[PDB]
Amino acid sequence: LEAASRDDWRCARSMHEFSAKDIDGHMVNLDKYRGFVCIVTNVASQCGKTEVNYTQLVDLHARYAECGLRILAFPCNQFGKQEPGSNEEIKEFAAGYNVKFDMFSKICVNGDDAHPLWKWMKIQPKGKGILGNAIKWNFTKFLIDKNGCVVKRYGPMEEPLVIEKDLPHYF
């Protein structure tokens, strides 16, 4: 079909089928996260909840990295223009919180220019949003199992430690 290769991200089978540039500009094949439980989240530096999200994501990674937890943080400036800096500045901001998980280059998460990984996560059965599937604000979280399937979505108001009770099921 004609829409079978334009909308081809719709039929991807897992997160592992996508690639994305890391915050240094180097393309990363996300199939490397196979066998790991992943939190995928859109981040911002100037949000009221920036400090609580970064600190708790660092907490989670420190507690469960050896269990197979990985965190993929995608900067995004679409929500209140709260991520206006360059990738290099965002990388340095994250270093101030002692971030050891994976920082990616800034993307869009909504609209036609959204990174296709985010287009795909939003249409997964367990990635459904309230009042539509669009990302509603900074620091939405998706939990991804070891096979790259979306298993849970957490809204911008849910601090990262809320995810903790769900993790042992997927390790």
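When you see a residue number, it is the position in the sequence shown, counting from 1.
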60 to 68 set against 34 to 42, stretch whose average Cα temperature factor tops the other in the entry
60 to 68
Look up the CA B-factors in the entry and say which stretch, 5 to 13 or 159 to 167, has the higher mean.
5 to 13
Select one of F74, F101, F79, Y97: the residue whose C-alpha shows the highest B-factor in the crystal structure entry.
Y97
Which of these, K128, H26, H115, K141, has its C-alpha atom at the highest B-factor, as the entry lists it?
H26
Give the position of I123 by CA B-factor within its chain, expressed as the lowest, middle or highest third.
lowest
Of the three thirds of Cα B-factor ranks in this chain, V109 occupies the lowest
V52: C-alpha B-factor third of its chain, per the entry, is the highest
Of the three thirds of the chain ranked by Cα temperature factor, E92 occupies the highest
